[PDB]
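Just the one chain here, laid out as structure tokens, in the form deposited in one PDB entry.
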């Protein structure tokens, strides 16, 4: 089975049109049955590679790295790189749908980022709020289920609430799930699962001796997230930087040199073709 969408007609809408910022997402033909719309094709009009379902990653995690560097190299303010990265998120979501990926986790704001200047942090909080607000209806139309993954302390209420609205609006979608990870840290996530387990123990609802690896997994914030199959990071940095820490224990790493504002869905597809050539054993044989 090859779960790629059939190639788009030559005149099907494309994405992204970078002649404006924010980028205007194209109107799409209404879906016949009334379900999700077919995503716009890339402006190159490349088509997704034919990868069989048993060699496709179910869950791709991406550390979207290189935005500030991209801007500084051009003599632009670092925030201009983040701005350009918004369209890349949407392009990669479209390409993931075209390829057949069912889960996509995006590292939008790390807990490490509180070390940045408070001005850049304020920009990044407001920008993530704005991206979700600006793109939630497009994501809904594409069949995306999106929700927040992350930690509460210090995170703006407006960001949590904007994502909660998007989650409620897309809860029944099932083309692809996006974990939009904001104020996320893998050790912190595990710690919060351990706290919840501890609360249940204190209340007499859980015997400590019954705790297993599955107990931890069931007490993570979003226990429906599957293991990460393919872990991507741009800009040449070869670190997972605490992203999807529990979930990516057996992930394949494919570290790519392009900066995130230069990335497009063809780069995602190339990493997925490389993944498909690999053999995963999970400690067996």
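Rigid core here is just the name for the largest C-alpha set that superposes within 1.5 Å across the two forms. Shifts are known only where both forms have a C-alpha. Numbering follows the first chain given and starts at 1.
Below, we refer to the form deposited in another entry, which is not included among the displayed structures.
If you fit the rigid core between the shown form and the other one, you'll see the Cα of residue 249 move by less than 2 angstroms.
Put the two forms on the same core and the Cα of residue 217 is off by less than 2 Å between the shown form and the other one. In sequence order, 31-34, 277-285 are the runs of at least 3 residues present in both forms whose Cα atoms shift by 2 Å or more between the shown form and the other one once the core is superposed.
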